[PDB]
Amino acid sequence: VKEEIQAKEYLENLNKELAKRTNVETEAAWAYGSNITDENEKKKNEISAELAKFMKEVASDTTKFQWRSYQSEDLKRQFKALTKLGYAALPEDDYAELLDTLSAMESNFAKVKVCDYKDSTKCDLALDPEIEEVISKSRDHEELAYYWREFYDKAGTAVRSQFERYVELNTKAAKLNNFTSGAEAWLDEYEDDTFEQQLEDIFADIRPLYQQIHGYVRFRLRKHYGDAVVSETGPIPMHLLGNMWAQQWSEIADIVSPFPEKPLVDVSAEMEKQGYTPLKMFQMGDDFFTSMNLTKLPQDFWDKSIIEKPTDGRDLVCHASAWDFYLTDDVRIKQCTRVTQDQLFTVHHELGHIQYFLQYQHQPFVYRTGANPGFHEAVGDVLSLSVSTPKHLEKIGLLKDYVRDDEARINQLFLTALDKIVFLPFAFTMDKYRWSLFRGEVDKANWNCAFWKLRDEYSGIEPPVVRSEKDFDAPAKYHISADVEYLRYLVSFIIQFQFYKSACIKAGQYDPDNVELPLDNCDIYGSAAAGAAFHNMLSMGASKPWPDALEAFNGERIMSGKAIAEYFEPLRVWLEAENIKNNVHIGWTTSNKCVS
Ligand SMILES: *[C@@H]1O[C@H](CO)[C@@H](O[C@@H]2O[C@H](CO)[C@@H](O[C@@H]3O[C@H](CO[C@H]4O[C@H](CO)[C@@H](O)[C@H](O)[C@@H]4O)[C@@H](O)[C@H](O[C@H]4O[C@H](CO[C@@H]5O[C@H](CO)[C@@H](O)[C@H](O)[C@@H]5O)[C@@H](O)[C@H](O)[C@@H]4O)[C@@H]3O)[C@H](O)[C@H]2NC(C)=O)[C@H](O)[C@H]1NC(C)=O
Ligand SMILES: *[C@@H]1O[C@H](CO)[C@@H](O)[C@H](O)[C@H]1NC(C)=O
Ligand SMILES: *[C@@H]1O[C@H](CO)[C@@H](O)[C@H](O)[C@H]1NC(C)=O
Ligand SMILES: C=C(C[SeH])C(=O)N1CCC[C@H]1C(=O)O
Ligand SMILES: [Zn+2]
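Residues numbered from 1 in each chain as written, not as in the entry; some residues may be left out. Chains lettered and ligands numbered in written order. Heavy atoms only, no water. Residues with missing side-chain atoms left out of burial classes, pairs and counts.

**Side note on helix α24 (residues 562-581)**
- In a regular helix each residue adds 1.5 Å, so 20 residues correspond to 28 Å; α24 covers 27 Å between its end C-alpha atoms and thus fits that length.
- Its axis deflected by about 55° at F568, α24 carries its strongest bend there, up to four residues before the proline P570.
- When α24 is considered as a whole, its buried residues turn out to be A563, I564, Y567, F568, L571, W574, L575, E578 and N579.
- Tucked inside the fold, the buried residues of α24 contact α9 (195-225), α15 (373-387), α17 (406-420), α18 (423-438) and α21 (487-506).
- Of the residues flanking the end of α24, it is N583, one or two places downstream, whose phi is positive at about 50°. (Helix = DSSP H or I, 4+ residues; strand = E, 2+ residues; numbered from the N terminus. Expected span 1.5 Å × (residues − 1). Bend = angle between axes of the 7 residues up to and from the residue. Buried < 20%, exposed > 50% of the residue type's maximum accessible area, 1.4 Å probe, protein only. Contact = heavy atoms within 4.5 Å.)

**Side note on the pattern of salt bridges**
- The tally for this structure, following the rule as stated, stands at 43 salt bridges.
- Across the pair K172 and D94 runs a salt bridge whose closest N-O atoms are separated by 2.8 Å. One end of the pair, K172, is in helix α7 (residues 160-176); the other, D94, is in helix α4 (residues 92-110), with 78 residues separating them in the sequence.
- Given a relative accessible area of 14%, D94 falls into the buried group.
- Close ionic contact of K501 with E566 constitutes a salt bridge, the shortest N to O distance being 2.6 Å. Linking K501 in helix α21 with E566 in helix α24, this pair joins segments that are 65 residues apart in sequence.
- Look at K501 and you get buried, because its relative accessible area is 16%.
- The exposure class assigned to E566 is partly exposed, which follows from its relative accessible area of 24%.
- A single network of salt bridges, built from pairs that share partners, joins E27, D300, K304, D330 and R332. (Salt bridge = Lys/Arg side-chain N within 4 Å of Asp/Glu carboxyl O.)

**Some remarks on the side chain of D419**
- Relative to the elements of secondary structure, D419 occurs in helix α17.
- Of the side chains with opposite charge, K420 comes closest to the buried, unpaired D419, at an N-O distance of 5.8 Å.
- A polar atom in the side chain of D419 sits 2.5 Å from the side chain of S250.
- With residues near it in sequence (within four places) discarded, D419 still touches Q248, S250 and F493. (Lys, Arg positive; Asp, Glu negative; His and termini not counted. Polar contact = N/O pair within 3.5 Å; in protein donor to acceptor, adjacent residues only side chain to side chain.)

**What about the site of ligand 2?**
- Near ligand 2, the surroundings consist of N35, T37, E39, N40, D312 and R314.
- Here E39 contributes a side-chain N or O atom positioned 3.5 Å from an oxygen atom of ligand 2.
- Alone, ligand 2 offers 370 Å² of accessible surface; in the complex the protein occludes 46% of this.
- Of the residues in the shell around ligand 2, the class split is no nonpolar, three polar and three charged. (Near = heavy atom within 4 Å. Areas by Shrake-Rupley, 256 points an atom, 1.4 Å probe, with all protein chains shown as cover. Nonpolar A, V, L, I, M, F, W, Y, C, P; charged D, E, K, R; others polar.)

**Looking at the pairing of strand β2 (residues 321-324)**
- For β2 and strand β3 (residues 331-334), the ladder comprises four bridges, and the chain directions are antiparallel. Its bridge partner being in β3, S321 is matched across the sheet by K334.
- The loop that links β2 with its antiparallel partner β3 comprises six residues; one of these, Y326, has a positive phi angle of about 70°. (Pairing = 2+ DSSP bridges.)

**Focus on the UniProt feature "domain: Peptidase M2" in the protein**
- Feature annotation in UniProt assigns "domain: Peptidase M2" to the following positions: residues 1-589.
- Annotated as residues 1-589, this span is 58% helix and 2% strand, and its ends, taken at the C-alpha atoms, are 63 Å apart. (UniProt positions renumbered as here; feature names shortened; annotations may be inferred.)

**Remarks on the nonpolar core**
- Core analysis: the biggest nonpolar cluster contains 195 residues, and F151, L221 and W249 have the highest contact counts within it.
- Here the element with the most residues in this core is α9; it accounts for 13 residues.
- One finds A29, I306, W323 and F325 within the second-largest nonpolar core, a separate group that totals five residues. (Core = buried A, V, L, I, M, F, W, Y, C linked by side-chain atoms within 4.5 Å.)

**Let's talk about helix α23 (residues 546-554)**
- What α23 keeps buried is the set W546, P547, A549, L550, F553 and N554. The buried residues of α23 all sit within an arc of 160° when viewed along its axis, so they share a single face.
- Of the surrounding elements, those touching the buried residues of α23 are α9, α15, α21 and α22 (528-538).
- Within two residues after α23, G555 carries a phi angle of roughly 80°, on the positive side. (Arc of directions from axis to C-beta.)

**Here we look at the UniProt feature "binding site: Zn(2+)" in the protein**
- Residues annotated in UniProt with the feature "binding site: Zn(2+)" correspond here to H349, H353 and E377. Annotated residues spanning 29 residues; largest pairwise C-alpha distance 7.5 Å, indicating a single compact cluster.
- Along the chain, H349 turns up in helix α14 (residues 341-360).
- Residue contacts for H349: discarding those within four places in its chain leaves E377, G380, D381 and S384.

**Thoughts on the state of the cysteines**
- By the definition in use, this model includes four disulfides.
- Covalently, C318 is tied to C336 through a disulfide, its sulfur atoms 2.1 Å apart. A torsion of -95° about the S-S bond marks the disulfide between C318 and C336 as left-handed. A residue pair is termed long-range when its members are at least 10 positions apart, and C318 in the loop between α13 (299-304) and β2 and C336 in the loop between β3 and α14 qualify at 18 residues. As far as the burial class goes, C318 and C336 line up, both buried.
- Disulfide partners in the protein, listed by the sequence order of the bonded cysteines, are 1-2, 3-4, 5-8, 6-7. (Disulfide = S-S within 2.5 Å.)

Encoded structure:
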């Protein structure tokens, strides 16, 4: 009770100390991600080991405080965050091995190089950008399969043994914190003992819509490739979906769009024609934020960021990332930026993270993070939703001669759906798979097909060629080799529509009883009211539980699929009718593609 006065001073000092200590770990991590070398790996891992040691002392020292006895919700909440040790709870030697494993994987992934399909001499092709360019633009189904195979063999199957040890150590670490496994560890970040159920329920409401999109896309792909490549009743061969992991299908919109003779938005060629640069694209992102009365990017951002792929022979992690350094105004992005419409969305996504950093940088160290991981992921996407509208793309002069009729509107809704709906069953399987390994629910002899079973069951997709337990495929996705929780993205795609809906209403850009203000053509650019709400929420960091953060934004406390259903309602109506009209088969048979 009266001990709380001394405890407050303890927290003030320790918070500031953790910030300064993390800053050093973060610089070392940045160094590695920007320049992968044996020497920089050593540094990175050794620094983190040192910080883990300090963390162990900190968790120990908290037991000197009767902190659960305290009056202040705020002090109790801060102390609680400090007891949460993570991997740091592992014994010295164990933590060292974990770190060496994580970087062995993350590095292997970033170092992947395949040979040219047309030329077995030219073997310096990397995922970003050589391979991803083919996956997104080639319509030679056999070339597509070739690249799919080479990549998965190298980014997935090579790190099997490493991944095995990683699950062991994650599990051990989780138990040392008295969680059942890493699943329950990850899920703790959401402060809600029913969070899993809530998601199952939401997915359940959304699933039928996904089913229809799946059916229609399969139908259209059959006309393009033939029935020899695409069956009517089988899962879709994933390598035809424009994307290496088939998480989003917007890259093949030119062949599966509802009205092929009406405008389909693809501003990449205009960006190039108008001489866009990575630097331009970021400056535009900056403009969007400042136009909403949010915070200008600081000078440290422009000085220290990496916004193009470096042209020395160096290895590096090209997967887009945003870094907070826990001082004042030292925030950065690393992105291997290309001049395309999707990349413009990515830029806004990453600047969403940066804005979050800046908004809560005045918070105590333990509150300098998302309300929950999903929130951090949503921020950028809320703006990207606006940026993607014809309304906005016409404004910045990238969309020309556009006629917004009923048919064009459907093409746009479908395009967004190939991004926003398609993704959801992907996001789920990502952690569903890992959760099941963490919880020890799959025998090691079953690990790979247990992956593809989930991809089948939820997404209705399957590998181009036959896989087995001789292959190991999950780490072919970045966030799996790099040990990054994925449920964040699912939470994001649900709640980003709650944010966007309410942002649009506050901007006077959405009225449901008004045909001239439709949610799917809302641009919040320049809205002070919208930015205001963002500020109220983002400036909180993790100071209160996420319910209180959402309440701050728009007065609501519940994660809901209502808003994302509201957005796509007009597409549902059209697509249900269209599938009936064309006698489109819905659903899929079990996949013959992973042998046990
Ligand atoms: C993971 O979950 C674990 C639960 O399984 C948990 O492990 C337990 O942590 C306990 C620490 O809180 C620890 O409890 C201590 O046990 C000592 C004796 O245990 C020994 O013999 C056991 C066999 O019988 C062995 O298995 C053990 O290895 C030990 O060798 C006790 O002597 C000790 O006591 C002291 O501390 C209490 C604390 O008092 C609290 O604070 C104030 C005092 O300042 C009190 O006023 C207040 O009321 C409050 O109770 C004192 O009361 C007492 O006088 C002694 O000073 C203590 O009970 C336990 O041993 C340990 N393991 C097991 C198997 O139980 C981990 O902590 C969890 N990890 C995380 C991250 O939470
Ligand atoms: C990468 O790190 C190495 C040492 O590991 C160093 O010699 C080199 O200068 C760095 N390269 C770049 C481009 O910074
Ligand atoms: C900008 O933000 C300030 C405080 O954050 C607020 O008072 C002001 O209304 C905002 N600007 C506009 C034009 O609304
Ligand atoms: C570029 C990012 C932001 Se860290 C990313 O990883 N994204 C953007 C949305 C989900 C996802 C992905 O790669 O799968
Ligand atoms: Zn992100």
